[PDB]
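Take a look at this one chain, the form deposited without ligand NPO, written out in structure tokens.
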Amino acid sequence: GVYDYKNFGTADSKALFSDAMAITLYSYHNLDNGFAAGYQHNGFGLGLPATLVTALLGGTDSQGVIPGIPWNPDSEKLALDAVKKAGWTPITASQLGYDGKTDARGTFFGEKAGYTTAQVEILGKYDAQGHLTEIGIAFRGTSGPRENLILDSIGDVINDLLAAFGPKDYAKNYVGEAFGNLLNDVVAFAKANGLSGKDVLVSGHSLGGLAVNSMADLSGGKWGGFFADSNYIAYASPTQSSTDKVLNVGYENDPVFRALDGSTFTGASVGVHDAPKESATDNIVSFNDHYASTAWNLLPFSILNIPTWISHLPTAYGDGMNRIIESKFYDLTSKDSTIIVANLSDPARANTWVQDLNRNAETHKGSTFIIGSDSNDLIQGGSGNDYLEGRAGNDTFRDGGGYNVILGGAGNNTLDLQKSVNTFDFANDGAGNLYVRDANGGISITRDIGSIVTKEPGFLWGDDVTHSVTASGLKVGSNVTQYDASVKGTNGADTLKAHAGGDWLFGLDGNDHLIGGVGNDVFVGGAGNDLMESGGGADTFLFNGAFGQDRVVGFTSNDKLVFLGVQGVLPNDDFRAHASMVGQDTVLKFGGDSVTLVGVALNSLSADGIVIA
């Protein structure tokens, strides 16, 4: 998964992640709530003035920067309710025996001159019998309490500037100078509750992402080494620690994120700074109204260009990245997977195609994941290999080519092929998958998409035609575009045999024996350990999901293997990364799943006969 961490598996990494996000969101106390709401209703162009009104005064359903407006919700109490729902309760200065500053909310404040506008939250996770099981440490980014916002922010900005322009280790020592004492009292508190360093999660966003990396840098030497094996997940940090301890998560179009290298100011710092970084997720795009805008991007991408900071705001971090966590494609992803997160306003969502523009960023490689919203989206895949997820709402998909998985989600979803129905082949396995094969051999596996739009010039001489996806073909009323010749199996073990003319063969679940003929067949073994025999001709073998340990017989020169939505594909992996000889057979391994090409020598294979997506 993109957020895999240390040697925690997929699931434990995600749980860690969601906690870090939750405690990071709490540390801001819903300050950008008003912005988020104003933006969602108004956008970031014509209606940007109105978005900004809401950023300051919120509305009936949001609180902006100004406190005590009666018709606003109590966003701060919602912020506390939210963190508790996640399992976290602030630990009082009283429980730690801390003699430093806190405010009425229990927020801890930096200890030394020049660090007094620093903020951190210390939080506990308690079990059923009420024992402490985990400590959360969330460092607040730039900004402070609504009561002292401007003055507090000015302090933070001096600190930010010192990170870039001051003592060489300024950023590294930030947490030592700000919370050295608080953290000794935290070490004592954990000990007293039977907790070690492994039971501590450290998070924060922006300046607080800097703090995360600071503590990681200091953790080997300070606090008696107690925090050395703690969990560090930082969001939108300008810096990266010199350790291997920190997961640095951000949107590649957030200009704050990785602004420094790892704390060095460079020429890149005030422009695009998108070089690959070991600690960072390199390729996550917040597809927001700014990113999508042609007008906005006539201006230079720069941390100095304030409008670009929309991509920095923490609510879109929490909302967009949560949907990456929930995604059906999640386990396909890794740290540097290209992922496009639908983050448009309501009015831009109505007329803007979410797509990989690759704006202001190094060239994206490998497959692309586009993650929709729970509202009606317009999603456009590229000409390469795509994973498009609609989620809820009535979504419409386009895609430019290659090898794709398109999941409609809930709602009434539509795939717009933009071309004549006659340039495609359709098949359906009877188990919720519609296969679309285009004139170039690219295959899309589609689910929950009930309408296909095609352009028919020589029926509508100037021309969209809408086909329903049914068990008997694609239908325009009573008129049928037939699926390609198929043999459908069951979720039991089946023997399936192709006709001489070629068939799509659908094992579905169970260990199936698929017997090709002299024709060009398409083999979909399905889940389970399948035996597939070519029988001659130019055959396609397609592998998707947790496909099993398959055996392929009679595979030749003119045959194609297709891997799509399978485990362990690093950006731009080719077949060689997954292939070995075992005996006389070539095996291709994808996570725990495998294909054995019986009697085929590794050296006879060509990347053009082997598609990895």
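Residue numbers run from 1 along the displayed sequence.
Only in words, not in the display: the form solved in complex with ligand NPO, which the text now covers.
If you superimpose the site C-alphas and bring ligand NPO over from its pose in the deposited bound form, none of its atoms is within 2.4 angstroms of a backbone or C-beta atom of this form, and that means open. Here the chain stands alone, but in the deposited bound form its contact with ligand NPO, taken as any heavy atom within 4.5 Å, falls in 29-37 among 42-50, 578-586, 565-573, 29-37. Put simply, residue 55 is close to ligand NPO in the deposited bound form: some heavy atom of it is within 4.5 Å.
Although the partner is absent here, residue 255 lies well away from ligand NPO in the deposited bound form, with no heavy atom inside 4.5 Å. Residue 65 belongs to the set of residues with a heavy atom inside 4.5 Å of ligand NPO in the deposited bound form. Though the partner is left out of this view, residue 489 does not reach within 4.5 Å of ligand NPO in the deposited bound form, counting heavy atoms only.
With the partner removed from view, the residue among 320, 402, 381, 314 that has a non-hydrogen atom within 4.5 Å of ligand NPO in the deposited bound form turns out to be 314.
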